[PDB]
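1. This one's a deposited entry, sequence included:
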Amino acid sequence: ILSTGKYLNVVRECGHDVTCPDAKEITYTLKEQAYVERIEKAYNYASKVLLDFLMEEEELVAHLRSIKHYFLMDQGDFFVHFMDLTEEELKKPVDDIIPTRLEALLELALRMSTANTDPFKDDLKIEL
Amino acid sequence: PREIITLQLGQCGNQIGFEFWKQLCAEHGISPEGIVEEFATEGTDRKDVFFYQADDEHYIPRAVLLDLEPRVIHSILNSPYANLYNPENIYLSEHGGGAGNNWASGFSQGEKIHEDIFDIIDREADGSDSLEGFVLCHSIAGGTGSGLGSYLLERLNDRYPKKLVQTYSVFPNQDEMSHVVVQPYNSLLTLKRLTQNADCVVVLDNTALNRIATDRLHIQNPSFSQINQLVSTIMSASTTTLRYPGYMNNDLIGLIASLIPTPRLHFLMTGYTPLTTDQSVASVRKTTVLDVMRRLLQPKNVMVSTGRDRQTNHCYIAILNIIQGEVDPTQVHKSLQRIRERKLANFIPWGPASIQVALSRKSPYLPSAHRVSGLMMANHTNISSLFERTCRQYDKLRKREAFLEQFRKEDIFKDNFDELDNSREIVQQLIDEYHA
């Protein structure tokens, strides 16, 4: 009951749908010599309509690919080119105007090393 | 920016670089008139590694082309490719005939065409925003590439002493000494300039090429154009982590860094396994990751001649193993575990050896995204055996009295024969002295 009502909260905090089922709502349960089956099949069914929802549209599968791709440094060729531009910024004893220059130098080498999708990689914000 | 101006030079050295550009078009995912395949940016990440950056999807090769023969450079400009080339950033179109076919012809032509030869690598470095360096693709075979290539080794390290120098020296045919009998003089002369104006070389021996080329391709006899094929694959294999991503040695000034113990020991053994014509019946069932990199460190893919009787009398110190394509990358460290168990890697007798392994994902192209490729670029202490082979032929030849007054036709009217003898025996010793 707890977990179902969490997936129903994911949809209330989504705009694409406000519900999981559109074939368990034709049915109504109201059981007590069989509560156990009805609650469970309305649970995996909400789970199945959320599993295709991340995979398709939200593209979780590309989402976790990208999160994994930068931080382990597996777009390595890009990250060694941009680090050479970074070591030029470490020449200045630290300021507050550092990251606004570095997100600028980010899009220089991005087109130099000509990564597979340059607008998806404009989401790397450089913190100080 | 990692901008390389390659200097392809020589009579064989132009032809090995002709097929070097023919190798790149099929793996960058591009047709030579524009981006028309969109596998071009998704598959190959850095389309300006050996090209200019797009100004409308037009690409200019960063090669420059001088030779004493106009036939070799005309065998690039009449080929099925020709607008990929742009001869006004490459070479001023029409370069005359040489005297020629001497080392000493190409060597003085550096001195009088010094203004123009260093003004054509500043017509392609007018799109470089910070030049990486120069890779000198010059042949020590012919006096043509070796004449002009011995000049550019001196002069690129004093006007550009901050840039990379590193050569693809492919040596004369050692078997021969009745064809190319000018081999001990012109070979050793270029090697003097490589031991004190260069920190790394990649040597290739031509008699060792044909040991692997009929054991893998199974041709009747390797000709000149069937020997240039084997060469264009190992050039394009050596620079993959500069065009495809790795986390290890992803700069070429990274790649080179882990392979030089000391100046005067940097002569690198190259090996490259996949040239067999029945690889195709063994890529369909998968030959496992565990044993496709325990066969590179075993000699049966080598390009640099060595005995079989001196391989336990010398020890590798740094060995680089570039794997290409997806191989299953999580038992690649399980495979290098089994190297120490066999002892295919030797260790120095005062320290440990180091096997730097790198990997990369690759563009759509079926002989490399379905067929594992292993390039070894070793640095073994067994390399003096080549120098014992040339030295024993060099001092015998000067007792013929050949080419001690026939080499003197041009720009040698002084004694520098005993300098060459002495600079080879200093090399041979500082290699041998390293290991105890």
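-> That came through, no problem. Numbering: from 1, shown residues only, chains lettered A, B, ... in the order given.
2. C-alpha coordinates for the longest helix along chain A, CSV please?
-> Longest helix of chain A, by residue count under DSSP state H: helix A:35-53. The C-alpha coordinates for helix A:35-53 follow below in CSV (Å, rounded to 0.1, in the frame of the first residue of the first chain):
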residue,chain,number,x,y,z
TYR,A,35,-7.7,-9.2,-0.9
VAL,A,36,-4.2,-10.5,-1.5
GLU,A,37,-4.4,-11.0,-5.3
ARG,A,38,-6.2,-7.8,-6.2
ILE,A,39,-3.9,-5.5,-4.3
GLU,A,40,-0.8,-7.2,-5.8
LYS,A,41,-2.0,-7.1,-9.5
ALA,A,42,-2.9,-3.5,-9.1
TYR,A,43,0.7,-3.1,-7.9
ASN,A,44,2.8,-4.6,-10.6
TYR,A,45,0.4,-3.1,-13.2
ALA,A,46,1.2,0.4,-11.9
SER,A,47,4.8,-0.5,-11.9
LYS,A,48,4.7,-1.8,-15.6
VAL,A,49,3.0,1.5,-16.7
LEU,A,50,5.8,3.5,-15.0
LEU,A,51,8.7,1.2,-16.4
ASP,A,52,7.8,1.8,-19.9
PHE,A,53,7.3,5.5,-19.1
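3. How far does the next helix or strand after that helix sit from its chain's centre?
-> Counting by DSSP states H and E, the next helix or strand C-terminal to helix A:35-53 is helix A:60-71. Distance of helix A:60-71 from the chain centroid (C-alpha atoms, centre = their mean, to the nearest Å) equals 8 Å.
4. and helix A:60-71, which residues are buried?
-> Buried residues in helix A:60-71, defined by neighbour count with 16 or more other C-beta atoms under 10 Å in any protein chain shown: A:66, A:69. (Each C-beta comes from the backbone N, C-alpha and C, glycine too.)
5. same thing with stretch B:105-119?
-> B:105-107, B:109-110, B:117.
6. Could you export those to CSV, including columns for secondary structure?
-> What follows is the buried residues of stretch B:105-119, written out as CSV (DSSP: H, G, I helix; E, B strand; the rest coil):
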residue, secondary structure
B:105, helix
B:106, helix
B:107, helix
B:109, helix
B:110, helix
B:117, helix
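7. From those, pick the one nearest residue B:194.
-> Lowest distance from residue B:194 to the buried residues of stretch B:105-119 (C-beta to C-beta) belongs to residue B:107, with 15.1 Å.
8. what's the burial count for residue A:87?
-> Burial of residue A:87 is recorded as 8 neighbouring residues (other C-beta atoms under 10 Å in any protein chain shown).
9. Spit out the contact partners of it.
-> Contacts for residue A:87 were tallied using C-beta atoms under 8 Å, 6 or more residues apart in numbering or on different chains; there are none.
10. next one: residue B:48
-> A:112, A:114, B:3, B:54, B:59.
11. does it count as helix, strand or coil?
-> coil.
12. before we move on, the earlier item: so which of the buried residues of stretch B:105-119 reach chain A?
-> Residues of the buried residues of stretch B:105-119 in contact with chain A (C-beta under 8 Å from any C-beta of the partner chain): none.
13. from these, which single one is nearest residue B:281?
-> Residue B:281 lies nearest to residue B:106 out of the buried residues of stretch B:105-119, by C-beta to C-beta, at 46.9 Å.
14. Nearest spatial neighbour of that closest one, chain-adjacent residues omitted?
-> residue B:147 (1.8 Å; C-beta to C-beta, 6 or more residues apart in numbering or on different chains).
15. now swap in residue B:425 and tell me
-> residue B:391 (7.0 Å).
16. For that neighbour, the count of nearby residues, please.
-> 19.
17. ok, now how distant is it from chain A?
-> According to C-beta to the nearest C-beta, to the nearest Å, residue B:391 and chain A sit 41 Å apart.
18. Quick check, that residue in contact with residue B:428.
-> Yes. Taking C-beta atoms under 8 Å as the definition, residue B:391 is a contact partner of residue B:428 at 7.5 Å.
19. Specify the angle between the longest helix of chain A and helix A:60-71 in degrees.
-> Orientation of helix A:35-53 against helix A:60-71 (axes from the mean of the first three to the mean of the last three C-alpha atoms, to 10 degrees) gives an angle of 60 degrees.
20. ok, now which ones touch the residue nearest to residue B:425?
-> Per C-beta under 8 Å, 6+ apart, neighbours of residue B:391: B:421, B:424-425, B:428.
21. same check, this time on residue A:10
-> Neighbouring residues of residue A:10 by C-beta under 8 Å, 6+ apart: residue A:50.
22. Which members of the contacts of residue B:391 are positioned in helices?
-> Going by DSSP H, the helices hold B:421, B:424-425, B:428 from the contacts of residue B:391.
23. Would you format these as JSON lines with distance to residue B:182 and neighbour count included?
-> Converted to JSON lines, the ones in helices among the contacts of residue B:391 look like this (distance: C-beta to C-beta, whole Å; neighbours: other C-beta atoms under 10 Å in any protein chain shown):
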{"residue": "B:421", "distance to residue B:182": "17", "neighbour count": "14"}
{"residue": "B:424", "distance to residue B:182": "17", "neighbour count": "22"}
{"residue": "B:425", "distance to residue B:182": "21", "neighbour count": "10"}
{"residue": "B:428", "distance to residue B:182": "22", "neighbour count": "18"}
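24. Can you tell me which of the residues you listed is closest to chain A?
-> Nearest to chain A among the ones in helices among the contacts of residue B:391 is residue B:428, at 36.4 Å by C-beta to the nearest C-beta.
25. Quick check: the closest one touching residue B:386?
-> No. In this structure residue B:428 lies outside contact range of residue B:386 using C-beta under 8 Å: 9.6 Å.
26. how about the residues of the stretch 51-200 of chain B that lie near chain A?
-> Selection of the stretch 51-200 of chain B residues close to chain A by C-beta under 8 Å from any C-beta yields residue B:53.
27. do you know how far residue A:95 is from residue B:116?
-> Separation of residue A:95 from residue B:116 (C-beta to C-beta, to the nearest Å): 47 Å.
28. That should have said residue B:300, apologies.
-> Distance of residue B:300 to residue B:116, given as C-beta to C-beta: 47 Å.
29. cool, residue B:414 as well?
-> To residue B:116, residue B:414 is 28 Å away according to C-beta to C-beta.
30. what's the answer for residue B:329, then?
-> Noted for residue B:329: a distance of 48 Å to residue B:116, by C-beta to C-beta.
31. Closest to residue A:63 out of the ones in helices among the contacts of residue B:391?
-> Among these, and counting by C-beta to C-beta, the member closest to residue A:63 is residue B:428, at 58.6 Å.
32. Straight-line length of stretch B:135-153, end to end?
-> This stretch, stretch B:135-153, spans 10 Å end to end (C-alpha to C-alpha, to the nearest Å).
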